[PDB]
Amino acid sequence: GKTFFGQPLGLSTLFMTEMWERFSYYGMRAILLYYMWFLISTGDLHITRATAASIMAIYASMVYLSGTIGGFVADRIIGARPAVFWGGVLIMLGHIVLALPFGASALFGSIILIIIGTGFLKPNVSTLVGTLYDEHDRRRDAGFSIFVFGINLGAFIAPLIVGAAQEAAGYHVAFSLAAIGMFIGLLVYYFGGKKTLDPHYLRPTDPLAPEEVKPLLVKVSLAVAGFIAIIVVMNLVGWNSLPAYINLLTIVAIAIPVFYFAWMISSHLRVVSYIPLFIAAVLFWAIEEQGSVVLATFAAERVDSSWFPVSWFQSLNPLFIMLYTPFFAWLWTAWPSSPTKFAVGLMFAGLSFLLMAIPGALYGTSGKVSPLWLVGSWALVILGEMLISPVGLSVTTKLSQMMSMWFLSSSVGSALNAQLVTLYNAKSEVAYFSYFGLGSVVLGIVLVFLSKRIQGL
């Protein structure tokens, strides 16, 4: 029978939908920080570079958090297929906003649009992949792997294409390419979906019952009122700078999992066992998410890249994932506990940062070093990713609220980054990499020691 790599044909539509959406997202990620440096350098945007770095991290943190809500809105209110569509429209508008002839004044609107749009789309394209398969279809794992390959393909080519356009034709043209990529995704998604997706998913599959509407409304309104209350009090007492708002969002992103732990623990052994795994994932993702902030800074300031666009380094994360997956797929069938995998994963992340301490220690920080240092850094952190990422969902489910905590681990890690990356600068380079690299190796060794008990729990 006709398939797409052995899978139902609908996977082709969803593969390309996600590939082009990830193209738009990671094309933006690869130039947004440099764009803020440019807006800063012309006096248009009145922040420090450290705040610009902080923004990048909390942006990612909010995007991951937003994805924790989009499943519910689709399943219970609008349906999965319209969530992916309108989510894509919002993503597209978010890039259009940065393509328009504005400067710093458009940044917040773009960020809000992409936060909301990505939160609608990302959980719900993954849902639709599952809908391709009946309950006990054994292809299900294979289809999701092919899907993830589409994600990485889009992440790989976007910095190449969008980053080259940015240097040749300017930031506005480059962001317009991100919007067009999403537009392409919407075209394939809309017309391909009708031919291959079940019309059942045009509507919520668990619509709010009559008595559930009001409690939901009350709960949302109380949250909005509380948040706005905190913001007026912040402005009355004079905590109204941009870093003050970033600290508020940091606190919110960390509090949400902390309150969930307190809920489950006080309302038991397995849950206690998950604290060190969640912390290990948080720290892994912190380092991994710094590729686009701290390593991107290092790439622009300290690497000799005179002959190629410096945003291209952002292709190495997905490149290594793609290159490594055959070897790791063979390893998991030829061959370790998940707590051991997390600990070794954190150690590789720590090594990836220790490695970057060497060129400044050996050559000084005033010159430029070879791109191969960053190539080796991403090689190491992605090695850890191959250990932690394929199992993270599994371990957290082996042990609904908590299922979402796996996805929150990368939001918390990015929120931690919003604080940490403000410490990175030309003068702190070597100590920053040394401290956080060694610190992550040491905690990886701690988790190794704890790995047996956790295995029991």
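So that the term is clear: the rigid core is the largest set of C-alpha atoms that superpose within 1.5 Å between two forms. Residues carry their position along the shown sequence, with the first being 1.
- Structural divergence in 9 other deposited structures of this protein between 300-308 and 134-142: following superposition by the core, 134-142 has C-alpha atoms lying farther from the shown form.
- Each structure in 9 other deposited structures of this protein is fitted to the shown form on the rigid core, and of 75-83 and 326-334 the C-alphas lie farther away on average for 326-334.
- In the comparison with other entries of the same protein, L65 is given coordinates in all of those covering both sides of it, so it never reaches the one-third threshold.
- For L399, the record comparison shows coordinates absent in at least a third of the other entries of this protein that model its neighbours.
- The gap between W335 and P336 holds 4 to 9 unmodelled residues of the deposited sequence.
- Going from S267 to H268, the model skips 4 to 9 deposited residues, which lack coordinates.
- Relative to one another, 151-159 and 326-334 have unequal mean CA B-factors, and 326-334 is the one with the higher figure.
- For the pair 387-395 and 409-417, the mean Cα B-factor is higher in 387-395.
- Highest C-alpha temperature factor among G94, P210, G87, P276, as the PDB entry reports it: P276.
- Taking only the listed residues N235, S311, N317, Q166, the entry reports the highest CA temperature factor at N235.
- Ranked within its chain, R302 lands in the lowest third, by CA B factor from the PDB record.
- The PDB entry assigns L447 a C-alpha temperature factor belonging to the highest third of its chain's modelled residues.
- Ranked within its chain, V188 lands in the lowest third, by CA B factor from the PDB record.
- Sort the chain's modelled residues by C-alpha temperature factor and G109 lands in the middle third, per the entry.
- Residue-level temperature factors show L98 in the lowest third of its chain, judged at the C-alpha atom.
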